[PDB]
Amino acid sequence: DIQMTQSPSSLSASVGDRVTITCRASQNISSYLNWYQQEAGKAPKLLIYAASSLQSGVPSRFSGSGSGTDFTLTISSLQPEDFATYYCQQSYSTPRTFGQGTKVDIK
Amino acid sequence: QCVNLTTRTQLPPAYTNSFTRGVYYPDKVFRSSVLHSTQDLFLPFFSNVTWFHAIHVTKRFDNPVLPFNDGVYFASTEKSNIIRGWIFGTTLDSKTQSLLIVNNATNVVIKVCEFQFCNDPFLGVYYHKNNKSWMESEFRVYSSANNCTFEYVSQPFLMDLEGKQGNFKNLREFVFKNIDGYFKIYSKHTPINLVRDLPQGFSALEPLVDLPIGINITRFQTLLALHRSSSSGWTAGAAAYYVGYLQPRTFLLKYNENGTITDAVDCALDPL
Amino acid sequence: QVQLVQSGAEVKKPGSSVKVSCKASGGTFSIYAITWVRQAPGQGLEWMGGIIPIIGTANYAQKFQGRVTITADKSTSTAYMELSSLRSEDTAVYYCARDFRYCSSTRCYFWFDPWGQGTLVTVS
Amino acid sequence: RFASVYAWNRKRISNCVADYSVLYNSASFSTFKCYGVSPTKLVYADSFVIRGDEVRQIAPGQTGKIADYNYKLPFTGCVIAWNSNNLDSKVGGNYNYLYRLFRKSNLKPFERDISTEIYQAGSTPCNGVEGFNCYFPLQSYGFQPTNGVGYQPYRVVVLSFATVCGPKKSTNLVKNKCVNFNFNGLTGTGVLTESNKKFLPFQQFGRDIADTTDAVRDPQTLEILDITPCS
Ligand SMILES: *[C@@H]1O[C@H](CO)[C@@H](O)[C@H](O)[C@H]1NC(C)=O
Ligand SMILES: *[C@@H]1O[C@H](CO)[C@@H](O)[C@H](O)[C@H]1NC(C)=O
Ligand SMILES: *[C@@H]1O[C@H](CO)[C@@H](O)[C@H](O)[C@H]1NC(C)=O
C-alpha cells in the first residue's frame with residue numbers, strides 16, 4: 001500500500017479556535033486521501049469525503065484540498081469532537097494504511 | 001450412477017407371426033356398416049415379428065435398443081408388470097432432446113430432456129421380506145436431464161409389483177408412430193392365457209395419446225423391471241414382448257354398425 | 001448506511017481465539033465490503049480485511065495473515081470475524097466498517113462511513 | 001414477488017391457453033407496447049422489477065447503456081408494465097435491486113446477463129480488492145415511497161410471442177333451424193337436430209356414402225348432433 005504520514009501529532013488549540021492538520025501520501029492521488037475522527041469505545045465517523053466534502057454531515061466547518069501528495073484541511077471553529085484522534089487513510093489500495101493519528105492536546 | 005448387470009445368457013432372438021394384428025383406427029371418424037380403404041402405416045399381416053423374452057429359467061434379460069424406423073408395433077404379454085416404459089430419440093443421449101415415458105408404479109411420467117441415458121436403465125423392485133411384499137426400490141434410467149422442454153404427469157395409482165409365475169394374463173398392444181413432431185400412441189388391453197408368442201385374433205387400437213414432442217426418433221429402448229430378493233442379483237421374472245414395424249399398406253377395414261373396426265384385409269398379402 | 005454493532009470484550013490470554021461478529025442495521029448490507037479495522041492501544045489504525053457478501057471471496061491484509069478470517073452472510077445480515085495467531089501485542093479494539101460506495105460516474109469511492117463501536121480484546 | 005434486477009427468470013410458456021386480451025385490457029397497467037403482434041389475437045415471460053428510467057430504456061430496439069448492460073432486446077412479442085411502488089419501495093430503501101454501472105462487453109439481442117463478476121474497468125486488477133479504479137459492477141438503489149417517476153419500481157414483463165393458444169369463442173347451440181356452423185374445425189351449412197347414433201369416445205365426426213362429413217359430437221356436451229342439408 002501507500003504510506004501515510006499525518007501531523008502535528010499534538011496541536012495547541014481550544015474550542016472555538018482555528019485548527020490546521022495536514023497529511024501526506026507516498027503516491028500522487030488527489031481524492032482517496034481522507035480523515036476519520038475516532039474516540040476509543042465509540043463508533044468513529046469519516047470526516048472527509050473524496051477530499052472536497054464532509055462525510056459526517058458537518059456544515060462546512062472544515063475545508064481543504066491537496067496538491068501532489070500533500071493534503072491540508074482546517075476547521076474555522078474547533079469543536080469538542082476534534083479532540084478525537086484524526087486518522088488519515090489512503091483508501092486506494094490494500095492493506096489500507098492509516099497515519100499515526102493527530103488531535104488537539106489540552107493539559 | 002447405473003449398474004452393469006451380469007449372469008445374462010447370450011441367446012439369439014426368437015421370431016413370430018404377426019397374424020392379423022397391427023390395425024388401429026386411422027382417424028377420429030365414425031363410420032358404420034362400411035368397408036373403408038386406408039393407406040396408412042400398419043403392421044403387415046403375417047409379418048415376421050421379433051420376439052424378446054425376460055425370464056428367470058440361463059437367465060434372459062432382453063432390453064436392447066431397437067430401430068424405430070417408420071413406427072413401431074409393440075406388444076407385450078405379462079402378469080407381473082415387468083415391462084414398463086420406453087425411451088425414444090435420435091441419439092438416446094444428452095446431446096439432443098429425447099422422450100422418456102416411464103411407468104414407475106406410482107404415476108406415469110413423460111419427459112422430454114437432454115437425457116444422459118444408461119445403456120442398461122433400470123426400474124428395480126425389491127422383495128421386502130419383513131413386509132412380505134414387493135416394492136419399488138431402484139431407479140435410474142438416466143444420469144442427467146438437462147434443458148427439459150416437456151413434462152406430463154398422470155395421476156397416482158397403485159401397481160401390482162408382485163413377482164409372478166405361469167401364463168401371462170394381459171396383452172397390451174401399442175403402436176408408436178410419430179408424425180410431424182406428434183407422438184401418437186395407440187393402444188388396447190385384452191385378457192390372455194399364455195407363455196408363448198402372440199395369440200391369434202383381430203383387434204384395433206384406439207388413439208389414446210397424442211403428444212407435442214418435436215423429436216426425431218431413430219432408436220428406442222424397452223424399460224424392464226429389475227427384480228431383487230448384487231450385479232448377479234437381477235431376477236428376470238417372466239414377461240415377453242414383440243416388436244414389428246409399420247409399413248405403408250392399403251387395408252380395407254370393416255366397420256360394424258356401431259363404428260368399431262371388427263375386421264380387415266391386407267391388400268398386399270394375397271391375390272384373393 | 002449499516003451501522004454494524006459488535007460482541008462484548010474478550011478477557012482471554014494471548015494465543016486464544018476471538019469471536020466477534022456485528023449485527024446490521026440500516027439497509028444496503030449485501031453490497032460493498034464488510035471490513036474490519038484494528039485500533040491500537042493509544043493511537044493508530046490498520047485494515048485487516050473484508051468481504052462483499054455478493055462475491056463471497058474476501059481480501060485480506062498481509063499484516064494479518066494467519067490472524068484474521070472474515071466472512072459475511074447476506075441472508076443473516078451479520079458480519080463475522082475470527083481472530084487467531086493472537087499475541088499480547090495484538091491487544092486492541094476490533095471494529096466493523098462498511099466500505100460504503102458512492103460513484104462519481106466513472107470513478108467510485110469506498111469508505112468506512114458506517115462503523116461499529118469496537119470489541120476490546122484484553123490479552124496484554 | 002418479482003425477479004430482482006439481475007436475478008431474472010424467463011419462463012417458457014407452452015402447451016396451454018392464455019388470454020393476452022385480458023392481460024392487456026386491464027386498467028391496472030402503467031404501460032403496454034407490442035412489436036409485430038397484438039394482444040387482441042388471444043413463448044416466454046421474463047418477470048422482474050426495475051426503476052422507471054430503465055422501464056423506459058429497456059425495450060426492443062431501444063438504445064441505452066442499461067439495455068446493453070441488462071437485457072438487450074431487438075423481438076416478436078410485447079412489453080408490459082405496472083408500477084410496483086407499493087410492493088417494492090420500503091422506508092429506508094429497498095437496496096436489493098442492483099443496477100449495472102460497469103461492464104466488459106454489451107449484450108446480444110434478446111439476451112440478458114445476471115453476473116456480478118468484478119471488472120477491472122479498463123485499468124486495475126482488483127482480484128477481490130475494493131474498487132479503486134476497478135469495480136464491483138453493480139450498485140443498488142434504495143427504492144423508497146419518497147421517489148420520482150424514473151425511480152419508482154415497476155414490474156416489467158418481456159413477453160416473447162407460437163407455443164401458446166388463445167381462448168376459443170363458443171356460441172349457444174341452435175337446433176331445428178338452418179345454421180351456418182363451425183364445430184371445432186368442421187364447417188358447413190345445414191339443420192342441426194339430435195341424432196339417434198352413438199360414436200366411440202374418440203371419434204368426433206361421422207360420414208355418409210361419399211364421405212360427406214355429417215354427424216358431429218358437440219364440443220361442450222358430447223352428444224351426437226345430426227347435420228342434414230336444407231331444402
Ligand atoms: C456401464 O454402462 C455405461 C453406459 O451407460 C458405460 O459408460 C460404463 O463404462 C459401463 N461400465 C462397465 C463396468 O461395463
Ligand atoms: C424392513 O423394515 C423397515 C421398517 O423397519 C422398512 O423400512 C424396510 O423397507 C423393510 N425392508 C427391508 C428389505 O429391510
Ligand atoms: C351397439 O350399441 C347398442 C347399445 O346402444 C347394443 O345393444 C348393440 O349390440 C351394439 N352393436 C354393436 C355391433 O356393437
# chains A, B, ... in the order shown; residues from 1 in each chain; ligands from 1
$ residues_near_ligand --ligand "ligand 1" --cutoff "9 Å" --atoms "only C-alpha atoms and all ligand atoms" --output "number ranges by chain"
B: 1-5, 116-121, 142-143
$ interface_residues --of "chain C" --to "chain D" --cutoff "6 Å" --atoms "only C-alpha atoms" --output "PyMOL selection string"
chain C and resi 28+58-59
$ residues_near_ligand --ligand "ligand 2" --cutoff "8 Å" --atoms "only C-alpha atoms and all ligand atoms" --output "JSON, numbers by chain"
{"B": [126, 127, 128, 129, 130, 131]}
$ interface_residues --of "chain A" --to "chain C" --cutoff "6 Å" --atoms "only C-alpha atoms" --output "list in words"
residues 41, 42, 43, 46, 95, 96, 98, 100 and 101 of chain A
$ residues_near_ligand --ligand "ligand 3" --cutoff "12 Å" --atoms "only C-alpha atoms and all ligand atoms" --output "PDB file with N, CA, C and O atoms, in the first residue's frame"
ATOM      1  N   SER B  32     -70.099 -46.373 -40.341  1.00  0.00           N
ATOM      2  CA  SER B  32     -70.850 -47.525 -39.896  1.00  0.00           C
ATOM      3  C   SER B  32     -71.261 -48.431 -41.018  1.00  0.00           C
ATOM      4  O   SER B  32     -71.602 -47.970 -42.106  1.00  0.00           O
ATOM      5  N   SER B  33     -71.148 -49.728 -40.763  1.00  0.00           N
ATOM      6  CA  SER B  33     -71.516 -50.776 -41.724  1.00  0.00           C
ATOM      7  C   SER B  33     -70.874 -50.524 -43.080  1.00  0.00           C
ATOM      8  O   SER B  33     -71.550 -50.461 -44.109  1.00  0.00           O
ATOM      9  N   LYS B 254     -63.191 -53.098 -42.040  1.00  0.00           N
ATOM     10  CA  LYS B 254     -64.613 -53.261 -41.865  1.00  0.00           C
ATOM     11  C   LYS B 254     -65.129 -52.712 -40.574  1.00  0.00           C
ATOM     12  O   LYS B 254     -64.783 -53.201 -39.487  1.00  0.00           O
ATOM     13  N   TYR B 255     -66.021 -51.736 -40.711  1.00  0.00           N
ATOM     14  CA  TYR B 255     -66.679 -51.099 -39.587  1.00  0.00           C
ATOM     15  C   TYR B 255     -68.034 -51.727 -39.369  1.00  0.00           C
ATOM     16  O   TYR B 255     -68.844 -51.832 -40.296  1.00  0.00           O
ATOM     17  N   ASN B 256     -68.340 -52.064 -38.130  1.00  0.00           N
ATOM     18  CA  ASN B 256     -69.640 -52.638 -37.841  1.00  0.00           C
ATOM     19  C   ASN B 256     -70.634 -51.521 -37.680  1.00  0.00           C
ATOM     20  O   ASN B 256     -70.306 -50.350 -37.912  1.00  0.00           O
ATOM     21  N   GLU B 257     -71.855 -51.861 -37.313  1.00  0.00           N
ATOM     22  CA  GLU B 257     -72.902 -50.856 -37.215  1.00  0.00           C
ATOM     23  C   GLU B 257     -72.721 -49.752 -36.141  1.00  0.00           C
ATOM     24  O   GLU B 257     -73.413 -48.725 -36.216  1.00  0.00           O
ATOM     25  N   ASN B 258     -71.815 -49.960 -35.147  1.00  0.00           N
ATOM     26  CA  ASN B 258     -71.510 -49.020 -34.062  1.00  0.00           C
ATOM     27  C   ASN B 258     -70.144 -48.323 -34.263  1.00  0.00           C
ATOM     28  O   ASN B 258     -69.639 -47.677 -33.342  1.00  0.00           O
ATOM     29  N   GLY B 259     -69.515 -48.430 -35.470  1.00  0.00           N
ATOM     30  CA  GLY B 259     -68.239 -47.785 -35.795  1.00  0.00           C
ATOM     31  C   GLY B 259     -66.996 -48.474 -35.275  1.00  0.00           C
ATOM     32  O   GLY B 259     -65.939 -47.841 -35.164  1.00  0.00           O
ATOM     33  N   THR B 260     -67.096 -49.757 -34.958  1.00  0.00           N
ATOM     34  CA  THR B 260     -65.960 -50.486 -34.447  1.00  0.00           C
ATOM     35  C   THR B 260     -65.310 -51.248 -35.571  1.00  0.00           C
ATOM     36  O   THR B 260     -65.999 -51.841 -36.400  1.00  0.00           O
ATOM     37  N   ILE B 261     -63.988 -51.218 -35.647  1.00  0.00           N
ATOM     38  CA  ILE B 261     -63.356 -51.991 -36.698  1.00  0.00           C
ATOM     39  C   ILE B 261     -63.346 -53.401 -36.191  1.00  0.00           C
ATOM     40  O   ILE B 261     -62.765 -53.679 -35.141  1.00  0.00           O
ATOM     41  N   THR B 262     -63.984 -54.288 -36.924  1.00  0.00           N
ATOM     42  CA  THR B 262     -64.085 -55.661 -36.488  1.00  0.00           C
ATOM     43  C   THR B 262     -63.267 -56.581 -37.341  1.00  0.00           C
ATOM     44  O   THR B 262     -62.918 -57.678 -36.905  1.00  0.00           O
TER      45      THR B 262
ATOM     46  N   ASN D 196     -79.787 -40.282 -33.699  1.00  0.00           N
ATOM     47  CA  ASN D 196     -80.047 -41.496 -32.917  1.00  0.00           C
ATOM     48  C   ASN D 196     -78.836 -42.440 -32.862  1.00  0.00           C
ATOM     49  O   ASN D 196     -78.946 -43.577 -32.396  1.00  0.00           O
ATOM     50  N   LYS D 197     -77.692 -41.984 -33.358  1.00  0.00           N
ATOM     51  CA  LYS D 197     -76.470 -42.783 -33.358  1.00  0.00           C
ATOM     52  C   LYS D 197     -75.547 -42.420 -32.226  1.00  0.00           C
ATOM     53  O   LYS D 197     -75.677 -41.367 -31.613  1.00  0.00           O
ATOM     54  N   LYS D 198     -74.618 -43.326 -31.937  1.00  0.00           N
ATOM     55  CA  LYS D 198     -73.587 -43.113 -30.937  1.00  0.00           C
ATOM     56  C   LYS D 198     -72.236 -43.376 -31.561  1.00  0.00           C
ATOM     57  O   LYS D 198     -72.113 -44.199 -32.462  1.00  0.00           O
ATOM     58  N   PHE D 199     -71.242 -42.637 -31.105  1.00  0.00           N
ATOM     59  CA  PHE D 199     -69.864 -42.744 -31.572  1.00  0.00           C
ATOM     60  C   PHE D 199     -68.992 -43.299 -30.488  1.00  0.00           C
ATOM     61  O   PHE D 199     -69.329 -43.189 -29.307  1.00  0.00           O
ATOM     62  N   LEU D 200     -67.860 -43.864 -30.868  1.00  0.00           N
ATOM     63  CA  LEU D 200     -66.917 -44.292 -29.868  1.00  0.00           C
ATOM     64  C   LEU D 200     -66.389 -42.993 -29.269  1.00  0.00           C
ATOM     65  O   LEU D 200     -66.427 -41.969 -29.942  1.00  0.00           O
TER      66      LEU D 200
END
$ interface_residues --of "chain D" --to "chain B" --cutoff "6 Å" --atoms "only C-alpha atoms" --output "ChimeraX atom specification"
/D:202-207
$ atom_distance --atom1 "atom CA of residue B:239" --atom2 "atom CA of residue B:56"
9.8 Å
$ interface_residues --of "chain A" --to "chain D" --cutoff "8 Å" --atoms "only C-alpha atoms" --output "ChimeraX atom specification"
/A:91-94
$ write_last_selection --atoms "N, CA and C atoms" --output "CSV table (one decimal), in the first residue's frame"
chain,number,residue,atom,x,y,z
A,91,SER,N,-7.4,5.1,0.9
A,91,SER,CA,-8.3,4.0,0.6
A,91,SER,C,-7.9,3.3,-0.7
A,92,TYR,N,-7.1,3.9,-1.5
A,92,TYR,CA,-6.7,3.4,-2.8
A,92,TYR,C,-6.3,2.0,-2.9
A,93,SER,N,-5.5,1.4,-2.0
A,93,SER,CA,-5.1,0.0,-2.1
A,93,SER,C,-5.1,-0.7,-0.8
A,94,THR,N,-4.5,-1.9,-0.8
A,94,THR,CA,-4.5,-2.8,0.4
A,94,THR,C,-3.1,-3.2,0.8
$ select_by_dssp --residues "chain A" --states "strand (DSSP E or B)" --output "mmCIF file with N, CA, C and O atoms, in the first residue's frame"
data_model
loop_
_atom_site.group_PDB
_atom_site.id
_atom_site.type_symbol
_atom_site.label_atom_id
_atom_site.label_comp_id
_atom_site.auth_asym_id
_atom_site.auth_seq_id
_atom_site.Cartn_x
_atom_site.Cartn_y
_atom_site.Cartn_z
ATOM 1 N N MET A 4 1.194 6.518 4.589
ATOM 2 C CA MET A 4 0.659 7.793 5.028
ATOM 3 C C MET A 4 1.395 8.378 6.229
ATOM 4 O O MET A 4 1.724 7.666 7.187
ATOM 5 N N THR A 5 1.626 9.692 6.177
ATOM 6 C CA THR A 5 2.196 10.447 7.296
ATOM 7 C C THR A 5 1.253 11.569 7.693
ATOM 8 O O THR A 5 0.860 12.390 6.862
ATOM 9 N N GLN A 6 0.913 11.646 8.972
ATOM 10 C CA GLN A 6 -0.027 12.678 9.410
ATOM 11 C C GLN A 6 0.539 13.487 10.577
ATOM 12 O O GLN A 6 1.154 12.926 11.483
ATOM 13 N N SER A 7 0.342 14.804 10.550
ATOM 14 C CA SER A 7 0.889 15.668 11.595
ATOM 15 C C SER A 7 0.152 17.023 11.693
ATOM 16 O O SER A 7 -0.656 17.344 10.821
ATOM 17 N N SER A 10 0.257 16.541 18.047
ATOM 18 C CA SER A 10 -0.343 17.274 19.143
ATOM 19 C C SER A 10 -0.478 18.734 18.803
ATOM 20 O O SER A 10 0.513 19.430 18.555
ATOM 21 N N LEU A 11 -1.715 19.204 18.786
ATOM 22 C CA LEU A 11 -1.965 20.572 18.400
ATOM 23 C C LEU A 11 -2.359 21.433 19.593
ATOM 24 O O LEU A 11 -2.989 20.972 20.551
ATOM 25 N N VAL A 19 -7.964 25.445 13.708
ATOM 26 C CA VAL A 19 -7.013 24.337 13.745
ATOM 27 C C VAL A 19 -6.705 23.652 12.417
ATOM 28 O O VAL A 19 -7.587 23.081 11.765
ATOM 29 N N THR A 20 -5.412 23.658 12.060
ATOM 30 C CA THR A 20 -4.931 23.081 10.802
ATOM 31 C C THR A 20 -4.176 21.774 10.995
ATOM 32 O O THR A 20 -3.191 21.714 11.735
ATOM 33 N N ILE A 21 -4.611 20.742 10.276
ATOM 34 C CA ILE A 21 -3.999 19.416 10.281
ATOM 35 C C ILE A 21 -3.617 19.045 8.845
ATOM 36 O O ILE A 21 -4.339 19.378 7.893
ATOM 37 N N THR A 22 -2.441 18.449 8.672
ATOM 38 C CA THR A 22 -2.005 18.061 7.338
ATOM 39 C C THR A 22 -1.694 16.553 7.274
ATOM 40 O O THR A 22 -1.372 15.932 8.300
ATOM 41 N N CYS A 23 -1.727 15.977 6.043
ATOM 42 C CA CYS A 23 -1.400 14.576 5.780
ATOM 43 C C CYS A 23 -0.800 14.411 4.387
ATOM 44 O O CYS A 23 -1.270 14.995 3.407
ATOM 45 N N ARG A 24 0.252 13.617 4.306
ATOM 46 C CA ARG A 24 0.901 13.401 3.035
ATOM 47 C C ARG A 24 1.033 11.936 2.659
ATOM 48 O O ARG A 24 1.375 11.076 3.479
ATOM 49 N N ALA A 25 0.757 11.665 1.393
ATOM 50 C CA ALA A 25 0.888 10.331 0.826
ATOM 51 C C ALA A 25 2.224 10.133 0.118
ATOM 52 O O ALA A 25 2.882 11.088 -0.325
ATOM 53 N N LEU A 33 -7.453 10.263 -0.264
ATOM 54 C CA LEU A 33 -6.776 10.621 0.973
ATOM 55 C C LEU A 33 -7.783 11.353 1.835
ATOM 56 O O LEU A 33 -8.104 12.507 1.548
ATOM 57 N N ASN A 34 -8.290 10.692 2.875
ATOM 58 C CA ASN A 34 -9.341 11.290 3.706
ATOM 59 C C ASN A 34 -9.157 10.940 5.179
ATOM 60 O O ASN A 34 -8.525 9.941 5.507
ATOM 61 N N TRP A 35 -9.697 11.759 6.073
ATOM 62 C CA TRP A 35 -9.526 11.550 7.509
ATOM 63 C C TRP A 35 -10.789 11.084 8.211
ATOM 64 O O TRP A 35 -11.888 11.491 7.831
ATOM 65 N N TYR A 36 -10.610 10.309 9.281
ATOM 66 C CA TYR A 36 -11.646 9.843 10.217
ATOM 67 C C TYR A 36 -11.479 10.503 11.561
ATOM 68 O O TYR A 36 -10.378 10.898 11.898
ATOM 69 N N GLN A 37 -12.552 10.617 12.338
ATOM 70 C CA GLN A 37 -12.452 11.099 13.728
ATOM 71 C C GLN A 37 -12.896 10.022 14.728
ATOM 72 O O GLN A 37 -14.077 9.650 14.791
ATOM 73 N N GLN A 38 -11.938 9.520 15.528
ATOM 74 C CA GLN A 38 -12.202 8.405 16.437
ATOM 75 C C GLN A 38 -11.867 8.587 17.914
ATOM 76 O O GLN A 38 -10.769 9.013 18.298
ATOM 77 N N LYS A 45 -16.533 8.423 12.913
ATOM 78 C CA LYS A 45 -17.176 8.901 11.694
ATOM 79 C C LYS A 45 -16.091 9.246 10.694
ATOM 80 O O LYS A 45 -14.959 9.521 11.102
ATOM 81 N N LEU A 46 -16.399 9.249 9.401
ATOM 82 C CA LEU A 46 -15.409 9.718 8.449
ATOM 83 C C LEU A 46 -15.584 11.205 8.432
ATOM 84 O O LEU A 46 -16.707 11.688 8.506
ATOM 85 N N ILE A 48 -13.804 13.319 6.051
ATOM 86 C CA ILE A 48 -13.690 13.893 4.717
ATOM 87 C C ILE A 48 -14.112 12.948 3.596
ATOM 88 O O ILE A 48 -13.621 11.834 3.475
ATOM 89 N N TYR A 49 -15.008 13.405 2.745
ATOM 90 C CA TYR A 49 -15.410 12.587 1.623
ATOM 91 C C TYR A 49 -14.834 13.072 0.299
ATOM 92 O O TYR A 49 -15.008 14.223 -0.116
ATOM 93 N N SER A 53 -15.541 17.212 0.409
ATOM 94 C CA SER A 53 -16.699 17.457 1.281
ATOM 95 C C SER A 53 -16.587 16.785 2.635
ATOM 96 O O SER A 53 -15.567 16.182 2.956
ATOM 97 N N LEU A 54 -17.625 16.903 3.465
ATOM 98 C CA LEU A 54 -17.542 16.310 4.796
ATOM 99 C C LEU A 54 -18.587 15.204 5.009
ATOM 100 O O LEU A 54 -19.799 15.429 4.963
ATOM 101 N N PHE A 62 -15.102 22.598 8.350
ATOM 102 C CA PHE A 62 -13.799 22.237 7.842
ATOM 103 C C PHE A 62 -13.733 22.419 6.336
ATOM 104 O O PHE A 62 -14.685 22.108 5.616
ATOM 105 N N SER A 63 -12.571 22.807 5.851
ATOM 106 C CA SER A 63 -12.343 22.911 4.417
ATOM 107 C C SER A 63 -10.909 22.612 4.048
ATOM 108 O O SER A 63 -9.979 22.902 4.813
ATOM 109 N N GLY A 64 -10.721 22.017 2.876
ATOM 110 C CA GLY A 64 -9.379 21.707 2.433
ATOM 111 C C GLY A 64 -9.305 21.133 1.033
ATOM 112 O O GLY A 64 -10.317 20.962 0.346
ATOM 113 N N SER A 65 -8.069 20.925 0.609
ATOM 114 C CA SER A 65 -7.708 20.419 -0.714
ATOM 115 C C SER A 65 -6.260 19.960 -0.696
ATOM 116 O O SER A 65 -5.542 20.218 0.278
ATOM 117 N N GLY A 66 -5.810 19.284 -1.756
ATOM 118 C CA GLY A 66 -4.394 18.957 -1.800
ATOM 119 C C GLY A 66 -3.716 19.314 -3.116
ATOM 120 O O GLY A 66 -4.358 19.717 -4.092
ATOM 121 N N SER A 67 -2.405 19.101 -3.126
ATOM 122 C CA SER A 67 -1.518 19.319 -4.261
ATOM 123 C C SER A 67 -0.438 18.249 -4.259
ATOM 124 O O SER A 67 0.330 18.103 -3.298
ATOM 125 N N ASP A 70 0.251 16.101 -0.990
ATOM 126 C CA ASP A 70 0.045 16.906 0.213
ATOM 127 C C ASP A 70 -1.378 17.452 0.402
ATOM 128 O O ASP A 70 -1.868 18.254 -0.399
ATOM 129 N N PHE A 71 -2.092 16.940 1.405
ATOM 130 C CA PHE A 71 -3.455 17.385 1.661
ATOM 131 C C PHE A 71 -3.549 18.185 2.958
ATOM 132 O O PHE A 71 -3.061 17.764 4.019
ATOM 133 N N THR A 72 -4.217 19.329 2.879
ATOM 134 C CA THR A 72 -4.418 20.182 4.044
ATOM 135 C C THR A 72 -5.879 20.498 4.290
ATOM 136 O O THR A 72 -6.613 20.871 3.369
ATOM 137 N N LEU A 73 -6.303 20.361 5.546
ATOM 138 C CA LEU A 73 -7.666 20.716 5.929
ATOM 139 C C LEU A 73 -7.722 21.370 7.310
ATOM 140 O O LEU A 73 -7.033 20.968 8.258
ATOM 141 N N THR A 74 -8.502 22.447 7.372
ATOM 142 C CA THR A 74 -8.621 23.276 8.566
ATOM 143 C C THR A 74 -10.046 23.521 9.022
ATOM 144 O O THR A 74 -10.946 23.702 8.201
ATOM 145 N N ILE A 75 -10.236 23.569 10.347
ATOM 146 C CA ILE A 75 -11.527 23.952 10.925
ATOM 147 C C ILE A 75 -11.476 25.379 11.440
ATOM 148 O O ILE A 75 -10.557 25.754 12.176
ATOM 149 N N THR A 85 -9.061 11.361 17.965
ATOM 150 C CA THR A 85 -7.897 11.247 17.116
ATOM 151 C C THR A 85 -8.312 11.212 15.658
ATOM 152 O O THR A 85 -9.178 10.427 15.258
ATOM 153 N N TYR A 86 -7.677 12.052 14.858
ATOM 154 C CA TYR A 86 -7.936 12.093 13.444
ATOM 155 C C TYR A 86 -7.044 11.085 12.783
ATOM 156 O O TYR A 86 -5.835 11.109 12.998
ATOM 157 N N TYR A 87 -7.603 10.224 11.963
ATOM 158 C CA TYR A 87 -6.781 9.252 11.263
ATOM 159 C C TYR A 87 -6.884 9.416 9.770
ATOM 160 O O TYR A 87 -7.971 9.268 9.216
ATOM 161 N N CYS A 88 -5.742 9.652 9.113
ATOM 162 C CA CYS A 88 -5.635 9.838 7.672
ATOM 163 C C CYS A 88 -5.426 8.489 6.997
ATOM 164 O O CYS A 88 -4.440 7.794 7.233
ATOM 165 N N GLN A 89 -6.387 8.130 6.172
ATOM 166 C CA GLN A 89 -6.414 6.871 5.465
ATOM 167 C C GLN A 89 -6.273 7.049 3.977
ATOM 168 O O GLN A 89 -6.893 7.933 3.374
ATOM 169 N N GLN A 90 -5.497 6.173 3.369
ATOM 170 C CA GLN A 90 -5.440 6.133 1.921
ATOM 171 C C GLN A 90 -6.161 4.884 1.468
ATOM 172 O O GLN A 90 -5.699 3.760 1.639
ATOM 173 N N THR A 97 -3.704 1.582 4.741
ATOM 174 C CA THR A 97 -2.807 2.265 5.635
ATOM 175 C C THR A 97 -3.418 3.534 6.170
ATOM 176 O O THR A 97 -4.030 4.326 5.439
ATOM 177 N N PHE A 98 -3.250 3.709 7.463
ATOM 178 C CA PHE A 98 -3.704 4.880 8.164
ATOM 179 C C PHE A 98 -2.468 5.553 8.742
ATOM 180 O O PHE A 98 -1.480 4.876 9.042
ATOM 181 N N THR A 102 -3.739 12.210 14.893
ATOM 182 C CA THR A 102 -3.486 13.549 15.472
ATOM 183 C C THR A 102 -4.657 14.088 16.298
ATOM 184 O O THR A 102 -5.808 13.749 16.060
ATOM 185 N N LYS A 103 -4.398 15.004 17.229
ATOM 186 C CA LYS A 103 -5.518 15.649 17.947
ATOM 187 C C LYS A 103 -5.116 16.928 18.647
ATOM 188 O O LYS A 103 -3.921 17.171 18.844
ATOM 189 N N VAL A 104 -6.109 17.711 19.075
ATOM 190 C CA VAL A 104 -5.797 18.864 19.915
ATOM 191 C C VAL A 104 -5.555 18.364 21.352
ATOM 192 O O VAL A 104 -6.282 17.511 21.864
#
$ residues_around --residues "residue B:74" --least-positions-apart "4" --cutoff "8 Å" --atoms "only C-alpha atoms" --output "PDB file with C-alpha atoms, in the first residue's frame"
ATOM      1  CA  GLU B 173     -50.806 -53.714 -27.611  1.00  0.00           C
ATOM      2  CA  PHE B 174     -49.319 -50.430 -28.661  1.00  0.00           C
ATOM      3  CA  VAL B 175     -48.488 -48.526 -31.772  1.00  0.00           C
ATOM      4  CA  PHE B 176     -45.899 -45.839 -31.513  1.00  0.00           C
ATOM      5  CA  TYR B 241     -42.602 -58.619 -25.886  1.00  0.00           C
ATOM      6  CA  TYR B 242     -42.816 -58.430 -29.587  1.00  0.00           C
ATOM      7  CA  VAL B 243     -41.520 -55.766 -31.938  1.00  0.00           C
ATOM      8  CA  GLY B 244     -42.518 -55.218 -35.528  1.00  0.00           C
TER       9      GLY B 244
END
$ residues_around --residues "residue D:186" --least-positions-apart "2" --cutoff "12 Å" --atoms "only C-alpha atoms" --output "ChimeraX atom specification"
/D:180-184,188-189,204-206,212-219,227
